[PDB]
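Okay, structure first, notes after.
When reading the values below, keep in mind they use all heavy atoms of this one structure, side chains included, and skip hydrogens, waters and symmetry mates. Residue numbering restarts at 1 for every chain, and letters A, B, ... go by the order of the sequence lines.
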Amino acid sequence: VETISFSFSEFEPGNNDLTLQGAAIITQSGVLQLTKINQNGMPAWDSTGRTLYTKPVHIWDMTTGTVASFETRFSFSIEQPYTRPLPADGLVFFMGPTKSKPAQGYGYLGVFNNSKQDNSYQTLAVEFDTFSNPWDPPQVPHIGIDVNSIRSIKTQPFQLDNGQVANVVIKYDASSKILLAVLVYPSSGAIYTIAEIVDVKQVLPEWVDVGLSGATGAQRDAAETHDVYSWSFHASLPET
Amino acid sequence: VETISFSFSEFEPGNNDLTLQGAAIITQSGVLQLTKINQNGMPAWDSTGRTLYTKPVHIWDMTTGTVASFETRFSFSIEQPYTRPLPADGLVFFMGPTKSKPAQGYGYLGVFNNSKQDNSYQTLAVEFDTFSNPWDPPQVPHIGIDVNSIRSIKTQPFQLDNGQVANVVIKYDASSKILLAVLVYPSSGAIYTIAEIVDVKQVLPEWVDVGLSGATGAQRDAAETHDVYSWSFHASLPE
Ligand SMILES: OC[C@H]1O[C@@H](O[C@H]2[C@H](O)[C@@H](O)[C@H](O)O[C@@H]2CO)[C@H](O)[C@@H](O)[C@H]1O
Ligand SMILES: OC[C@H]1O[C@@H](O[C@H]2[C@H](O)[C@@H](O)[C@H](O)O[C@@H]2CO)[C@H](O)[C@@H](O)[C@H]1O
Ligand SMILES: [Ca+2]
Ligand SMILES: [Ca+2]
Ligand SMILES: [Mn+2]
Ligand SMILES: [Mn+2]
């Protein structure tokens with residue numbers, strides 16, 4: 001069996017196991033600010049940032065046909081400071097081709113480049129979407145399972161608890177092909193779930209980079225924070 | 001679209017929407033005690049109790065082939081008072097033939113009668129198992145998805161936070177045939193998940209009863225509480 005795992009109880013500046021891209025920075029306090037926080041302490045619009053684990057993950061093997069099961073957990077907080085304009089745009093956990101650089105921002109969350117479901121993306125992602133674009137369901141925010149497209153194969157509306165910490169658990173079982181995501185707000189006790197069938201060997205390349213990405217809006221003050229406090233990941237590829 | 005739903009923020013003695021069976025009692029305080037609590041305040045062993053919603057649920061229609069999606073949520077607490085003997089046996093959310101009575105207790109949790117996987121059970125259940133029987137994985141407690149058998153098709157170990165309230169969410173999506181269960185302990189923030197493919201059309205009858213069941217052990221003091229504080233359910237059958 002081939003396994004890989006990491007766990008950051010808090011983010012460590014300078015720890016090379018993580019790569020920061022775009023606007024992403026890690027504070028001395030250990031918080032990953034995916035999108036820029038201005039000097040005044042407020043979230044900047046037109047910002048896109050990501051972080052990738054620096055070691056590629058072997059998600060499946062074409063020769064043996066084996067597929068890995070994996071799990072990832074993280075705690076994040078989104079703070080929407082203004083009543084108007086509408087906040088944006090969201091944050092997301094993604095898995096895709098190695099050596100990737102940030103893609104388009106805004107509604108594409110730094111992961112996609114359009115609203116097409118293109119197999120060439122070879123990307124799987126679980127989004128926490130705060131702005132309703134033309135391809136989105138009207139309810140925001142919502143959790144979404146994205147398979148080679150920003151247009152989610154399934155969505156689940158959830159109520160934001162402004163500025164509070166949400167705990168996320170995402171798990172993929174290769175035998176059942178079930179991808180599940182759960183969001184819990186300790187503050188209110190709210191629990192949300194979403195799941196769908198995803199055959200990773202039909203979507204992802206054999207080796208992938210895993211990461212987190214966040215993006216704020218296309219107009220002044222159409223923004224919110226996209227802070228992450230912790231992040232763990234584990235994958236196991238059976239020999240079979 | 002045929003829908004049904006209910007929500008008990010707490011339980012009230014006498015409410016006809018719930019049928020109590022076996023040892024099950026609803027306290028004046030609004031707590032559903034699935035298994036007997038002795039007058040000394042401790043859980044009694046050799047106890048089995050359940051509750052069934054008095055309304056029948058239309059889970060699927062053979063004529064149209066339509067299948068319902070559903071979700072249930074409940075809060076419970078299991079308190080294991082002694083270091084020995086080992087605590088037992090657990091509690092479970094189950095769906096199956098209407099107007100049923102309590103099955104075997106102990107490890108069968110008041111839902112099954114043996115450890116065989118018999119289509120005749122026509123029962124789907126999500127267990128919160130506290131005692132490792134011969135047909136069980138070694139670690140306890142564990143969540144388990146049971147399809148016509150107490151020998152779950154999928155299990156997930158979880159740490160008990162003794163006497164604390166656990167929040168459970170069980171959801172079935174008919175389109176994907178995914179049955180998922182989540183357990184969260186607000187006290188510690190711990191989150192556990194389990195999911196598996198279940199084609200309810202192959203397991204359950206068209207109309208089913210939904211309920212909760214709990215059981216304590218076969219030897220003196222091999223027991224624990226099986227208290228439920230709230231329970232909600234919702235199902236929707238397209239067509
Ligand atoms: O407002 C946040 C929202 O902006 C969308 O882009 C808008 C832009 O803000 C508006 O000024 C312009 O007139 O139209 C654009 C749409 O074509 C983003 O697309 C959306 O993702 C959010 O970022
Ligand atoms: O001890 C709790 C445990 O008991 C099992 O039954 C035992 C019984 O307790 C023991 O005294 C007897 O000698 O053997 C029985 C089984 O081999 C139950 O089966 C189990 O579910 C728990 O309730
Ligand atoms: Ca969006
Ligand atoms: Ca057992
Ligand atoms: Mn979306
Ligand atoms: Mn079991």
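Side-chain contact between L34(B) and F76(B) is absent, with no heavy atoms from C-beta onward closer than 4.5 Å. Looking only at side-chain heavy atoms (C-beta outward), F74(B) and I170(B) come within less than 4.5 Å of each other. A heavy-atom distance below 4.5 Å is not found between the side chains of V168(B) and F93(B).
Nearest heavy-atom pair across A181(B) and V126(B) is CB-CG1, 3.9 Å.
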(message) Is there a side-chain contact (heavy atoms from CB on, under 4.5 Å) between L212(B) and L91(B)? Walk through the geometry before answering.
(response) CA-CA 7 Å; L212(B) 300 169; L91(B) 57 81; over 6 Å; no
(message) One pair to check against side-chain contact (heavy atoms from CB on, under 4.5 Å): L32(B) and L20(B). What are the steps and the verdict?
(response) CA-CA 9 Å; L32(B) 169 62; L20(B) 299 179; 3.8 Å; yes
(request) Take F70(A) and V57(A) through the test side-chain contact (heavy atoms from CB on, under 4.5 Å) and record every step on the way to the result. (result) CA-CA 10 Å; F70(A) 61 81; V57(A) 178; over 6 Å; no
Go through chain B and chain A and list any donor-acceptor pairs closer than 3.5 Å, backbone and side chains both.
residue : atom : partner : partner atom : Å
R73(B)  : NH1  : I191(A) : O            : 3.0
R73(B)  : NH2  : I191(A) : O            : 3.0
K171(B) : NZ   : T193(A) : O            : 2.7
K171(B) : NZ   : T193(A) : OG1          : 2.9
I191(B) : O    : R73(A)  : NH1          : 3.1
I191(B) : O    : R73(A)  : NH2          : 3.0
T193(B) : O    : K171(A) : NZ           : 2.7
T193(B) : OG1  : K171(A) : NZ           : 2.8

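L180(A) touches chain B through its side chain: at least one heavy atom from C-beta onward sits under 4.5 Å away, while N, CA, C and O do not. For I194(A), the part lying near chain B is the backbone, with the side chain staying farther off; criterion is any non-hydrogen pair under 4.5 Å.
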